[PDB]
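Raw my_file-v4.cif, mmCIF, C-alpha atoms:
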```cif
data_structure
#
loop_
_atom_site.label_atom_id
_atom_site.label_comp_id
_atom_site.auth_asym_id
_atom_site.auth_seq_id
_atom_site.Cartn_x
_atom_site.Cartn_y
_atom_site.Cartn_z
CA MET A 1 0.00 0.00 0.00
CA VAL A 2 1.17 3.50 -0.91
CA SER A 3 0.18 6.49 1.25
CA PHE A 4 0.15 10.26 0.71
CA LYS A 5 0.41 11.64 4.27
CA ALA A 6 4.04 12.60 5.10
CA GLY A 7 5.87 13.85 2.02
CA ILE A 8 8.49 16.29 0.83
CA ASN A 9 8.74 18.48 -2.26
CA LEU A 10 11.32 18.11 -5.03
CA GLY A 11 11.20 21.76 -6.09
CA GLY A 12 14.05 23.26 -8.10
CA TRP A 13 14.53 20.11 -10.21
CA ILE A 14 12.22 20.37 -13.26
CA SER A 15 10.37 23.42 -11.89
CA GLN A 16 11.95 26.77 -10.90
CA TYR A 17 15.29 25.73 -12.41
CA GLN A 18 17.86 28.46 -13.03
CA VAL A 19 18.80 27.53 -16.60
CA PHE A 20 17.34 24.82 -18.83
CA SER A 21 20.26 22.41 -18.56
CA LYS A 22 20.41 18.66 -19.02
CA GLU A 23 23.29 18.62 -16.53
CA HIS A 24 21.03 20.17 -13.89
CA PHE A 25 18.17 17.81 -14.77
CA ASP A 26 20.34 14.66 -14.71
CA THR A 27 22.06 15.54 -11.40
CA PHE A 28 19.83 17.67 -9.12
CA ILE A 29 17.73 14.63 -8.30
CA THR A 30 18.95 11.06 -8.70
CA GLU A 31 17.93 7.66 -7.29
CA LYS A 32 20.13 8.21 -4.23
CA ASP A 33 17.88 11.13 -3.24
CA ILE A 34 14.68 9.05 -3.46
CA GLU A 35 16.43 6.36 -1.46
CA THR A 36 17.36 8.87 1.27
CA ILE A 37 13.80 10.21 1.40
CA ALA A 38 12.42 6.66 1.66
CA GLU A 39 14.87 5.67 4.41
CA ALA A 40 13.93 8.82 6.35
CA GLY A 41 10.34 7.60 6.60
CA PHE A 42 8.49 9.86 4.16
CA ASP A 43 5.73 8.07 2.24
CA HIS A 44 5.66 10.20 -0.92
CA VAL A 45 7.22 13.05 -2.88
CA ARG A 46 5.55 15.99 -4.61
CA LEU A 47 7.05 16.76 -7.99
CA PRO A 48 6.50 20.28 -9.36
CA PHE A 49 7.19 20.68 -13.08
CA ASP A 50 6.97 23.68 -15.42
CA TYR A 51 5.41 23.06 -18.84
CA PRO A 52 8.54 23.82 -21.00
CA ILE A 53 10.29 20.57 -19.99
CA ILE A 54 7.38 18.88 -21.82
CA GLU A 55 6.11 21.33 -24.45
CA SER A 56 7.70 24.18 -26.35
CA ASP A 57 5.57 27.14 -27.38
CA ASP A 58 6.85 26.66 -30.94
CA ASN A 59 5.95 23.05 -31.72
CA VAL A 60 2.87 23.05 -29.55
CA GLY A 61 1.34 19.61 -29.23
CA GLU A 62 4.66 17.86 -29.75
CA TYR A 63 5.69 16.45 -26.37
CA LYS A 64 9.36 16.11 -25.50
CA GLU A 65 10.23 12.55 -24.56
CA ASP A 66 13.48 13.86 -23.12
CA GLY A 67 11.62 15.96 -20.55
CA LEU A 68 9.13 13.19 -19.86
CA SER A 69 12.03 10.87 -19.02
CA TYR A 70 12.70 12.81 -15.83
CA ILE A 71 9.15 12.12 -14.67
CA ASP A 72 9.19 8.49 -15.84
CA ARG A 73 12.42 7.75 -14.00
CA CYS A 74 11.21 9.44 -10.81
CA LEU A 75 8.13 7.19 -10.96
CA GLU A 76 10.45 4.20 -11.25
CA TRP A 77 12.52 5.19 -8.21
CA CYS A 78 9.30 5.78 -6.27
CA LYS A 79 7.87 2.40 -7.25
CA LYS A 80 11.20 0.92 -6.18
CA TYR A 81 11.10 2.46 -2.70
CA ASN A 82 7.31 2.17 -2.22
CA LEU A 83 6.70 5.91 -2.36
CA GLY A 84 3.77 7.79 -3.83
CA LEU A 85 4.30 10.57 -6.38
CA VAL A 86 2.11 13.65 -6.69
CA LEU A 87 2.79 15.09 -10.17
CA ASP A 88 2.19 18.83 -9.93
CA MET A 89 1.98 21.39 -12.73
CA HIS A 90 3.65 24.54 -11.43
CA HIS A 91 3.77 26.80 -14.46
CA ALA A 92 1.00 26.20 -17.00
CA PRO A 93 0.93 27.53 -20.55
CA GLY A 94 0.34 31.29 -20.38
CA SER A 95 -0.29 35.64 -17.39
CA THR A 96 -2.78 34.94 -20.21
CA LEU A 97 -4.01 31.41 -19.47
CA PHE A 98 -7.49 32.57 -18.45
CA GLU A 99 -7.57 35.07 -21.28
CA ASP A 100 -6.39 32.92 -24.20
CA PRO A 101 -8.37 29.72 -25.08
CA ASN A 102 -5.29 28.46 -26.95
CA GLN A 103 -3.44 28.43 -23.64
CA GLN A 104 -6.44 26.68 -22.11
CA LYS A 105 -6.44 24.08 -24.90
CA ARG A 106 -2.73 23.23 -24.43
CA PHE A 107 -3.18 22.96 -20.64
CA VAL A 108 -5.99 20.41 -21.02
CA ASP A 109 -4.13 18.55 -23.76
CA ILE A 110 -1.03 18.16 -21.61
CA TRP A 111 -3.09 16.58 -18.83
CA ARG A 112 -4.94 14.35 -21.33
CA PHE A 113 -1.56 13.16 -22.57
CA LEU A 114 -0.16 12.45 -19.08
CA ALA A 115 -3.32 10.58 -18.02
CA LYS A 116 -2.79 8.31 -21.03
CA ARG A 117 0.94 7.91 -20.52
CA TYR A 118 0.50 6.74 -16.93
CA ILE A 119 -2.80 4.85 -17.34
CA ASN A 120 -1.35 1.54 -16.05
CA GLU A 121 0.08 3.07 -12.87
CA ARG A 122 -2.78 2.72 -10.39
CA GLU A 123 -1.31 3.36 -6.96
CA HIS A 124 1.95 5.30 -7.05
CA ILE A 125 0.86 8.42 -8.92
CA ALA A 126 -1.59 11.29 -8.41
CA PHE A 127 -2.10 14.44 -10.48
CA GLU A 128 -2.15 17.98 -9.06
CA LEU A 129 -3.57 20.20 -11.85
CA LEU A 130 -2.24 23.72 -11.29
CA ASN A 131 -0.36 25.72 -8.65
CA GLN A 132 -0.33 29.30 -9.87
CA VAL A 133 -3.89 30.62 -9.48
CA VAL A 134 -4.08 34.32 -8.67
CA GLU A 135 -7.33 35.78 -10.02
CA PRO A 136 -9.85 38.48 -8.96
CA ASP A 137 -12.30 35.64 -8.42
CA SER A 138 -12.56 31.90 -9.14
CA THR A 139 -15.00 32.04 -12.06
CA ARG A 140 -12.45 31.47 -14.79
CA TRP A 141 -10.40 28.91 -12.87
CA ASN A 142 -13.59 26.98 -12.05
CA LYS A 143 -14.47 26.81 -15.72
CA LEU A 144 -11.04 25.53 -16.78
CA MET A 145 -10.75 23.14 -13.83
CA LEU A 146 -14.09 21.51 -14.69
CA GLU A 147 -13.11 21.02 -18.36
CA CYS A 148 -9.76 19.58 -17.31
CA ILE A 149 -11.37 17.18 -14.83
CA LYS A 150 -13.83 16.16 -17.55
CA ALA A 151 -11.14 15.57 -20.16
CA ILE A 152 -9.11 13.46 -17.72
CA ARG A 153 -12.15 11.43 -16.61
CA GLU A 154 -12.87 10.32 -20.20
CA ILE A 155 -9.47 8.64 -20.12
CA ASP A 156 -9.10 7.67 -16.44
CA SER A 157 -12.14 7.43 -14.16
CA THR A 158 -10.29 6.65 -10.94
CA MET A 159 -7.06 8.68 -11.14
CA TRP A 160 -6.77 10.80 -7.95
CA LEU A 161 -6.75 14.51 -8.76
CA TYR A 162 -5.44 17.21 -6.38
CA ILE A 163 -7.31 20.50 -6.78
CA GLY A 164 -6.47 23.83 -5.17
CA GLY A 165 -8.17 27.22 -5.12
CA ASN A 166 -7.48 30.85 -6.01
CA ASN A 167 -4.91 33.10 -4.28
CA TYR A 168 -2.10 30.49 -4.54
CA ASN A 169 -4.27 27.66 -3.16
CA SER A 170 -5.24 29.62 -0.05
CA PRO A 171 -7.17 27.60 2.57
CA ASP A 172 -9.98 30.13 2.51
CA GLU A 173 -10.41 29.90 -1.26
CA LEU A 174 -11.49 26.26 -1.20
CA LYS A 175 -15.05 27.46 -0.55
CA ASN A 176 -14.99 29.34 -3.86
CA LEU A 177 -14.30 26.21 -5.93
CA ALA A 178 -17.09 24.78 -8.08
CA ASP A 179 -18.72 21.62 -6.74
CA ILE A 180 -17.19 18.54 -8.31
CA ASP A 181 -19.29 15.43 -8.00
CA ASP A 182 -16.31 13.10 -8.04
CA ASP A 183 -14.96 10.73 -5.41
CA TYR A 184 -11.36 10.78 -6.54
CA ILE A 185 -10.58 14.39 -5.64
CA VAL A 186 -8.33 15.72 -2.86
CA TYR A 187 -8.46 19.42 -1.99
CA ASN A 188 -5.14 21.20 -1.76
CA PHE A 189 -4.04 24.32 0.13
CA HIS A 190 -0.64 25.81 0.92
CA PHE A 191 0.38 27.18 4.32
CA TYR A 192 3.13 29.69 5.10
CA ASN A 193 1.52 31.62 8.02
CA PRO A 194 2.86 33.84 9.64
CA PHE A 195 4.34 35.07 6.36
CA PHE A 196 6.92 37.43 7.83
CA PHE A 197 8.16 34.59 9.98
CA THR A 198 8.23 31.86 7.27
CA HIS A 199 9.63 34.27 4.64
CA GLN A 200 11.68 36.58 6.86
CA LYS A 201 14.31 38.24 4.67
CA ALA A 202 13.17 36.34 1.56
CA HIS A 203 15.04 38.09 -1.24
CA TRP A 204 12.19 37.53 -3.69
CA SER A 205 9.62 39.27 -1.46
CA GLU A 206 9.68 43.05 -1.71
CA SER A 207 7.80 43.68 1.55
CA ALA A 208 9.86 41.07 3.43
CA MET A 209 13.01 42.62 2.04
CA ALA A 210 11.91 46.13 3.03
CA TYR A 211 10.98 44.97 6.56
CA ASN A 212 14.30 43.08 6.73
CA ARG A 213 13.78 41.75 10.21
CA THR A 214 14.55 38.55 12.09
CA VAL A 215 11.47 37.00 13.73
CA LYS A 216 11.28 34.19 16.25
CA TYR A 217 8.60 31.59 16.80
CA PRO A 218 6.80 31.52 19.16
CA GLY A 219 7.11 35.27 19.51
CA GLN A 220 5.80 38.52 18.14
CA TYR A 221 6.38 40.87 15.16
CA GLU A 222 8.51 43.78 16.36
CA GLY A 223 9.00 47.30 15.10
CA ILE A 224 6.12 47.23 12.61
CA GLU A 225 4.95 50.70 13.64
CA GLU A 226 8.47 52.05 13.30
CA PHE A 227 8.88 50.35 9.90
CA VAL A 228 5.62 51.76 8.53
CA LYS A 229 6.60 55.27 9.66
CA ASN A 230 9.67 55.09 7.41
CA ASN A 231 7.91 53.24 4.61
CA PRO A 232 4.35 54.47 4.05
CA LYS A 233 4.14 52.28 0.94
CA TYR A 234 3.77 49.31 3.30
CA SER A 235 1.08 50.87 5.48
CA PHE A 236 -1.08 47.73 5.19
CA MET A 237 1.40 46.04 7.49
CA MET A 238 0.02 48.07 10.38
CA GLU A 239 -2.63 45.33 10.67
CA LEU A 240 0.16 43.00 11.82
CA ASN A 241 1.44 45.40 14.49
CA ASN A 242 2.62 43.41 17.54
CA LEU A 243 0.94 40.21 16.30
CA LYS A 244 1.58 37.26 18.65
CA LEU A 245 2.94 34.21 16.83
CA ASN A 246 1.94 30.97 18.51
CA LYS A 247 0.19 27.64 17.91
CA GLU A 248 -3.29 29.11 18.34
CA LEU A 249 -2.56 31.60 15.55
CA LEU A 250 -1.68 28.67 13.28
CA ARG A 251 -4.90 26.88 14.29
CA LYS A 252 -6.91 29.98 13.48
CA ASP A 253 -5.30 30.23 10.00
CA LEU A 254 -6.08 26.57 9.32
CA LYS A 255 -9.74 26.94 10.36
CA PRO A 256 -11.15 27.79 6.89
CA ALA A 257 -9.91 24.48 5.48
CA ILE A 258 -11.40 22.54 8.41
CA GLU A 259 -14.78 24.24 8.00
CA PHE A 260 -14.79 23.51 4.26
CA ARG A 261 -14.13 19.85 4.92
CA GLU A 262 -16.84 19.69 7.57
CA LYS A 263 -19.31 20.67 4.83
CA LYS A 264 -17.88 18.76 1.86
CA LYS A 265 -16.80 15.66 3.82
CA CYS A 266 -13.77 15.60 1.47
CA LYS A 267 -10.05 14.80 1.86
CA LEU A 268 -7.62 17.65 2.48
CA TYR A 269 -3.95 17.97 1.58
CA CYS A 270 -1.34 20.66 2.31
CA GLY A 271 0.98 20.47 -0.67
CA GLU A 272 3.43 23.11 0.52
CA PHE A 273 4.37 24.50 3.93
CA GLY A 274 7.70 25.44 5.44
CA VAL A 275 10.11 27.99 6.92
CA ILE A 276 13.03 29.77 5.20
CA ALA A 277 16.34 28.09 6.09
CA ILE A 278 17.97 31.26 7.38
CA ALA A 279 15.50 31.45 10.31
CA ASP A 280 17.00 30.48 13.65
CA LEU A 281 17.03 26.71 13.99
CA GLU A 282 15.03 26.53 17.21
CA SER A 283 12.19 28.63 15.80
CA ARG A 284 12.35 26.72 12.52
CA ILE A 285 11.97 23.40 14.29
CA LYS A 286 9.21 24.67 16.61
CA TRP A 287 7.01 25.98 13.78
CA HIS A 288 7.14 22.61 11.98
CA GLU A 289 6.47 20.68 15.18
CA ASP A 290 3.36 22.82 15.93
CA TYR A 291 2.07 22.79 12.35
CA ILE A 292 2.64 19.01 11.93
CA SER A 293 0.84 18.43 15.22
CA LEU A 294 -2.16 20.36 13.84
CA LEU A 295 -2.10 18.31 10.60
CA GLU A 296 -1.99 15.08 12.63
CA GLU A 297 -4.78 16.29 14.95
CA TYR A 298 -7.02 16.99 11.95
CA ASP A 299 -5.78 14.06 9.81
CA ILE A 300 -4.48 16.14 6.92
CA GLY A 301 -1.66 14.83 4.77
CA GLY A 302 1.00 17.12 3.36
CA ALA A 303 4.39 17.72 1.80
CA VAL A 304 7.04 20.03 3.28
CA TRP A 305 8.88 22.59 1.11
CA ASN A 306 11.66 21.79 0.28
CA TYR A 307 13.96 18.71 -0.04
CA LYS A 308 17.05 20.68 -1.05
CA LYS A 309 17.98 24.22 -2.03
CA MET A 310 15.20 26.70 -2.88
CA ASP A 311 16.11 28.54 0.38
CA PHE A 312 13.84 26.19 2.35
CA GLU A 313 16.18 23.19 2.43
CA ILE A 314 15.49 20.26 4.72
CA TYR A 315 18.66 18.45 3.53
CA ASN A 316 22.17 19.71 2.68
CA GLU A 317 23.67 18.71 -0.67
CA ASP A 318 25.38 15.87 1.18
CA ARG A 319 21.94 14.21 1.56
CA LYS A 320 22.15 14.72 5.29
CA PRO A 321 19.38 16.50 7.17
CA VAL A 322 19.97 20.05 8.39
CA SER A 323 18.49 18.66 11.61
CA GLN A 324 17.60 15.06 12.42
CA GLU A 325 14.89 16.13 14.89
CA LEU A 326 13.28 18.14 12.10
CA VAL A 327 13.23 15.19 9.68
CA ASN A 328 11.69 12.96 12.36
CA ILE A 329 8.84 15.43 12.92
CA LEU A 330 8.21 15.79 9.20
CA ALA A 331 8.15 12.02 8.47
CA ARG A 332 5.48 11.65 11.18
#
```
Take the structure in the file and write it out as structure tokens.
Amino acid sequence: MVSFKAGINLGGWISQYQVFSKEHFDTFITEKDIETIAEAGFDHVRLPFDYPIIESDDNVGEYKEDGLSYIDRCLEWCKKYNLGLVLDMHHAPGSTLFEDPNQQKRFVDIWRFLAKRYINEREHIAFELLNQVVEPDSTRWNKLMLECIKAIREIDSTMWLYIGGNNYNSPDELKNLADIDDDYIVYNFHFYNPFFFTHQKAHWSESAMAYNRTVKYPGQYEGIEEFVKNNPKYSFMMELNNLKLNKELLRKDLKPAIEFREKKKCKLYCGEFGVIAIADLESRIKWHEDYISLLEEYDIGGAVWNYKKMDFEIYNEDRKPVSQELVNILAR
């Protein structure tokens, strides 16, 4: 039996790669990595991929077997170590996806193709449709998601599909998803609360970079009022002034997902959650311990971000954990 409860992400491999290089692709993740993950106790891996490894915008419809090989081999390694694999589309075609039906067509076609390609794999693979959803409302995503589900179901009636909502799969956007009468659906949400703690000093976040402050957990945001005074552009941060960071805050942020499930009686999954590696170790470990305990209390499976690199590393390049206590907590 394969399970999808205590996983880890393989971001930075065939998704969010620096340069499109075969050297990177052949070496970033190898069988030794899957072996390490399996020996640690995780039951599955989440594999983000960006469309270009599979389809070029030029010869649309012509799928690259060379890119597909990275996915095929990962499936092999997973089957070998009895791990599940959640195949996740990070960057879809198009942002114009919800504007251009051609982009919509390619998106659906790519999933139709993958459903066919992996039709004989019944227990080690699951599909997670799309990660990047940031829209004014869910109307357009709901339309595309339904077509995609439909297209896939004509080919595979029992393939498990992972579906997330708007606002980067926010837990409070699940309620805005169209009702899918389907029993093989798992609802996904990401969780990085409190943001200025999990992304403190994240170089890719303008506000976090402007704030440029170390934060501990449990603890409290400090100097917000002083920061806003100097930077009126970030006035909205005044809402966070002196916010107390503790386990009850995390429980409150998780509430919307729990309420949705209480109504839908569905399965929930947290595909991404984590803390930036530069945070102090003690706080980093404590946040995971508290969050994992909430996931276990509510029986919600998930995958921590990230296996290696991507600034959220759980393992060094030497395939050794940054902290053994941390890995133990995450493997449940």
Residue IDs satisfying the PyMOL selection byres ((chain A and resi 119-122) around 10), as a ChimeraX atom specification: /A:75,79,113-118,123-126,155-156,158-160
Explicit residue set for the PyMOL selection byres ((chain A and resi 168) around 9), as a count of residues only: 13
Picked residues, the PyMOL selection byres ((chain A and resi 44-53) around 7), as a count of residues only: 28
Please list as a compact mmCIF listing (two decimals) with C-alpha atoms, in the coordinates of the input every residue within 7 Å of region 233-247 of chain A, counting all atoms listed in the file and excluding residues in the same chain fewer than 5 positions away.
```txt
# COMPACT_ATOMS: atom_id res chain seq x y z
CA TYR A 217 8.60 31.59 16.80
CA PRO A 218 6.80 31.52 19.16
CA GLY A 219 7.11 35.27 19.51
CA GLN A 220 5.80 38.52 18.14
CA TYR A 221 6.38 40.87 15.16
CA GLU A 222 8.51 43.78 16.36
CA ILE A 224 6.12 47.23 12.61
CA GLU A 225 4.95 50.70 13.64
CA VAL A 228 5.62 51.76 8.53
CA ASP A 290 3.36 22.82 15.93
```
Interatomic distance, CA of residue 178 (chain A) to CA of residue 5 (chain A) (Å, one decimal): 25.1 Å
Residue contacts of residue 199 (chain A) (10 Å, only C-alpha atoms) excluding same-chain residues fewer than 4 positions away, as a ChimeraX atom specification: /A:192-195,203-205,208-209,214-215,274-279,311-312
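Distance-wise, CA of residue 1 (chain A) and CA of residue 260 (chain A) end up 28.1 Å apart.
Among A:12, A:61, A:101, A:41, the residue with the shortest atom-to-atom distance to residue 329 (chain A), counting all atoms listed in the file, is A:41.
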Computed interatomic separation between CA of residue 77 (chain A) and CA of residue 35 (chain A) (Å):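 Interatomic distance here is 7.9 Å.
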Among the residues A:68, A:81, A:286, A:139, the one that comes closest to residue 110 (chain A) [using only C-alpha atoms]: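 When distances to residue 110 (chain A) are compared using only C-alpha atoms, the smallest one comes from A:68.
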Selected residue, from A:298, A:328, A:249, A:284, that lies nearest to residue 313 (chain A) when counting only C-alpha atoms: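 Nearest to residue 313 (chain A): A:284.
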Shortest interatomic distance to residue 264 (chain A) - which of A:309, A:301, A:97, A:187, counting all atoms listed in the file: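 Closest residue, counting all atoms listed in the file: A:187.
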Selection near residue 26 (chain A), 12 Å with all atoms listed in the file, sequence-local residues under 6 positions removed, as JSON, numbers by chain: {"A": [13, 14, 20, 66, 67, 69, 70, 71, 73, 74]}
Best match for closeness to residue 306 (chain A) among A:144, A:271, A:40, A:324, counting all atoms listed in the file: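 Smallest distance to residue 306 (chain A) is found for A:271.
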Counting all atoms listed in the file, the residue of A:229, A:265, A:80, A:64 that sits nearest residue 211 (chain A): A:229
Reconstruct region 28-43 of chain A at the level of N, CA and C atoms, and format the result as a PDB file, keeping the file's coordinate frame.
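Dumped to part_18.pdb:
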```pdb
ATOM      1  N   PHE A  28      20.502  17.092 -10.292  1.00  0.00           N
ATOM      2  CA  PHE A  28      19.830  17.670  -9.120  1.00  0.00           C
ATOM      3  C   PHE A  28      19.155  16.581  -8.323  1.00  0.00           C
ATOM      4  N   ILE A  29      18.376  15.739  -8.990  1.00  0.00           N
ATOM      5  CA  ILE A  29      17.730  14.630  -8.300  1.00  0.00           C
ATOM      6  C   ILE A  29      18.072  13.310  -8.989  1.00  0.00           C
ATOM      7  N   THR A  30      18.580  12.373  -8.202  1.00  0.00           N
ATOM      8  CA  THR A  30      18.950  11.060  -8.700  1.00  0.00           C
ATOM      9  C   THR A  30      18.331  10.015  -7.758  1.00  0.00           C
ATOM     10  N   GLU A  31      18.482   8.740  -8.098  1.00  0.00           N
ATOM     11  CA  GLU A  31      17.930   7.660  -7.290  1.00  0.00           C
ATOM     12  C   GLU A  31      18.372   7.698  -5.831  1.00  0.00           C
ATOM     13  N   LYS A  32      19.604   8.141  -5.589  1.00  0.00           N
ATOM     14  CA  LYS A  32      20.130   8.210  -4.230  1.00  0.00           C
ATOM     15  C   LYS A  32      19.279   9.130  -3.345  1.00  0.00           C
ATOM     16  N   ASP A  33      18.739  10.184  -3.951  1.00  0.00           N
ATOM     17  CA  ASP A  33      17.880  11.130  -3.240  1.00  0.00           C
ATOM     18  C   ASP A  33      16.575  10.459  -2.820  1.00  0.00           C
ATOM     19  N   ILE A  34      15.936   9.753  -3.749  1.00  0.00           N
ATOM     20  CA  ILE A  34      14.680   9.050  -3.460  1.00  0.00           C
ATOM     21  C   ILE A  34      14.924   8.010  -2.374  1.00  0.00           C
ATOM     22  N   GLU A  35      16.076   7.360  -2.447  1.00  0.00           N
ATOM     23  CA  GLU A  35      16.430   6.360  -1.460  1.00  0.00           C
ATOM     24  C   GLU A  35      16.515   6.993  -0.077  1.00  0.00           C
ATOM     25  N   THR A  36      17.199   8.133   0.011  1.00  0.00           N
ATOM     26  CA  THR A  36      17.360   8.870   1.270  1.00  0.00           C
ATOM     27  C   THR A  36      16.014   9.261   1.860  1.00  0.00           C
ATOM     28  N   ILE A  37      15.148   9.794   1.008  1.00  0.00           N
ATOM     29  CA  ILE A  37      13.800  10.210   1.400  1.00  0.00           C
ATOM     30  C   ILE A  37      13.035   9.005   1.958  1.00  0.00           C
ATOM     31  N   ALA A  38      13.114   7.876   1.252  1.00  0.00           N
ATOM     32  CA  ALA A  38      12.420   6.660   1.660  1.00  0.00           C
ATOM     33  C   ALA A  38      12.947   6.140   2.994  1.00  0.00           C
ATOM     34  N   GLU A  39      14.265   6.145   3.166  1.00  0.00           N
ATOM     35  CA  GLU A  39      14.870   5.670   4.410  1.00  0.00           C
ATOM     36  C   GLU A  39      14.529   6.578   5.581  1.00  0.00           C
ATOM     37  N   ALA A  40      14.284   7.858   5.302  1.00  0.00           N
ATOM     38  CA  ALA A  40      13.930   8.820   6.350  1.00  0.00           C
ATOM     39  C   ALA A  40      12.532   8.560   6.924  1.00  0.00           C
ATOM     40  N   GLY A  41      11.686   7.903   6.142  1.00  0.00           N
ATOM     41  CA  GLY A  41      10.340   7.600   6.600  1.00  0.00           C
ATOM     42  C   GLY A  41       9.215   8.287   5.848  1.00  0.00           C
ATOM     43  N   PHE A  42       9.535   9.193   4.931  1.00  0.00           N
ATOM     44  CA  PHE A  42       8.490   9.860   4.160  1.00  0.00           C
ATOM     45  C   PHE A  42       7.762   8.814   3.314  1.00  0.00           C
ATOM     46  N   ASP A  43       6.480   9.030   3.040  1.00  0.00           N
ATOM     47  CA  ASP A  43       5.730   8.070   2.240  1.00  0.00           C
ATOM     48  C   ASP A  43       5.497   8.475   0.784  1.00  0.00           C
TER      49      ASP A  43
END
```
